[PDB]
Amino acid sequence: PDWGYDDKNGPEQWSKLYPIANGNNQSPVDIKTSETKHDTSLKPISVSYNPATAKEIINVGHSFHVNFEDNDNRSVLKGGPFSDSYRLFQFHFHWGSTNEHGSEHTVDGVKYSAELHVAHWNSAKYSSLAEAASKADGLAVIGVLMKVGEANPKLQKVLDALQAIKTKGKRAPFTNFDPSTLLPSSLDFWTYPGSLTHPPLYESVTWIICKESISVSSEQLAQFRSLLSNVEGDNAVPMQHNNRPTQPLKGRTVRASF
């Protein structure tokens, strides 16, 4: 690919190939609680995922994705700022070179160790992910900040699967899993209109950032960093990091459900 997280092909240089990187609806962003606006029209977040939709886990070079079957509404996200139903299609993480950084979104300047992203697409208005991905109201992603501390047992199935997709391109069956088990006990959230955090960087994402963080141990993060970005047979190249710096709000308003 023509982009990555290294010095020459990283976030700082993405604008060369993808001009939208300097757009007015880019993500992630720094959430300043003193500037958030509480909206009473915001309904509670509602997630209902069917574990049978879990499909496959793939090493995509810069990260790894856990995909779900999205042929029907067995796994959907509703409520919040949405009137339409969004269909689950994938969840993945972002992490940094060390525990002191790793999350993409930050709160009042505080950076966390990693971030969980659960993505969905608008199946009420569109017919496929490919179609919805470029629409302003096409995607919905739940972001959960991960604070380094106690080991998170609910990450077990995911971590145990990494040994089967160590190098770029490898993929394997990942079934019978409900990602709602990874979300925090409280679903209070912040929401704002944004974009995909990496190329193609489409400004088609309605972000749902959870107020409550979930835990993850130093060793579990080490597992993410032990994944290889190279293809099998080549010199090992660890996936040290894949988080984008926060971008200018550009007049956007971050709303709070609490």
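In case it trips you up, residue 1 is the first one in the sequence shown, and so on.
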#### Entry: Selected stretch [higher average CA B-factor]: 35 to 43 or 211 to 219
35 to 43
### Message
Going by the mean C-alpha B-factor recorded in the entry, which is higher: 86 to 94 or 128 to 136?
### Response
128 to 136
### Task
Using the temperature factors in the entry, find which of 117, 120, 105, 101 has the highest value at its Cα atom.
101
## Note on the structure
Split the chain's modelled residues into thirds by Cα B-factor; residue 163 lands in the middle
### Query
Against its chain's modelled residues, does residue 242's Cα B factor rank lowest, middle or highest third?
middle
### Summary
In terms of its chain's C-alpha B-factors, the third that includes residue 176 is the middle
### CA B-factor placement of residue 185, once the chain's modelled residues are sorted into thirds
middle
### Task
Comparing against every modelled residue in the chain, figure out the third that the C-alpha B-factor of residue 155 lands in (lowest, middle or highest).
highest
